[PDB]
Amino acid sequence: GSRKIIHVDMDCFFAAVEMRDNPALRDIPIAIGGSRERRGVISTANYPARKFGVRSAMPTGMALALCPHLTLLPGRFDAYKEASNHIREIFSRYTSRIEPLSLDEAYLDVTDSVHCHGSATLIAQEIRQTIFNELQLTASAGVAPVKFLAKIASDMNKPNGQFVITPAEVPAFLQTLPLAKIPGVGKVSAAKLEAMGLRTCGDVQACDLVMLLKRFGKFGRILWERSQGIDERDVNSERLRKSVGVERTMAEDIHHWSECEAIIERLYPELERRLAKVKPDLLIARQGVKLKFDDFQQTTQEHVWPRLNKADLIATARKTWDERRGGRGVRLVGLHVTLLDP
């Protein structure tokens, strides 16, 4: 049938929390991320900072050259987790059909809801208002028949706005809809499509499905389908973690193995008490290490393993260091597990 899906997205999440807890900011360029000292990257920035072009995933050195007066914050994660849990409770007030995508995002299947006369608009509006009141955080929302259009509409009226796409508005909306606006379509994909003369969903509607399946596989099918406005993806609410890892980037050096091992020794206690939280007996289908080199190239080494143990990680990391390092310096060391199925 036709569903009423709602995507909720917190506006400038981290920076919003930090500004909420410190009004001395608010009107100044702030950003959450690591220092150029410790080779950091911007997690997110507030709007005054974005005015200078400060983006997420931007190297802090690049952001400081764009915004010399950028105030750099480290990040208060628990303060984000409380907000996330809170807004999720707020979501649960309206339905059980809830698929959290992160801390500040969630899909809601709100069709069978009898809350605001079956209106997803008033429901989303009330969720945003409730969030505003109970958290002093602002939020934006997308309302759509399917998921990806709810996600797209979620960004069309931010900050503190919501956008609604009706089944009757879908075809007109799809025609001049750039493929890069579709979730799952990043720079590489969009450049591939662009090179193939495809920019919009309307461009894809007049395309051969067989060709798309050839050049992209599943991605081609999904591209064609959502270009048609088809997204049979159902809001899950039973979704679970499929991995946990602990990795770190240094100022650098480490060209010696003892340094890598020391860093592993300092990384393992945390891989423990993060895994212990969601399986006290330390489950594990696979275990592994990751190394990132000075050329920014990285390698991972995992293996079938029955239970978390430091020694094996150290051995594997020794083999990765011995065989794949190639005399290169290492900027990052990482540990990783994979968990089991139910």
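Note that residue numbering follows the sequence shown and begins at 1.
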Inset, instruction - Using only the Cα atoms and their B-factors as the entry lists them, report which of 85 to 93 and 179 to 187 averages higher. - result: 85 to 93
Inset, instruction - Would you determine, from the values in the PDB entry, which of 325 to 333 and 11 to 19 has the greater average C-alpha temperature factor? - result: 11 to 19
Legend entry - Per the PDB entry, maximal CA B factor within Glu272, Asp231, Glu105, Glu261: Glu272
Inset, instruction - Going by the recorded CA B-factors, say which third of the chain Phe173 sits in, lowest, middle or highest. - result: lowest
Inset, instruction - Classify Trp305 as lowest, middle or highest third according to the C-alpha B-factor given in the PDB entry, relative to its own chain. - result: highest
Legend entry - CA B-factor ranking of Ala195, expressed as a third of its chain: highest
Legend entry - Ranked against its chain, the third holding the CA B-factor of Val54: lowest
Inset, instruction - Rank-wise, by C-alpha B-factor, drop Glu247 into the lowest, middle or highest third of its chain. - result: lowest
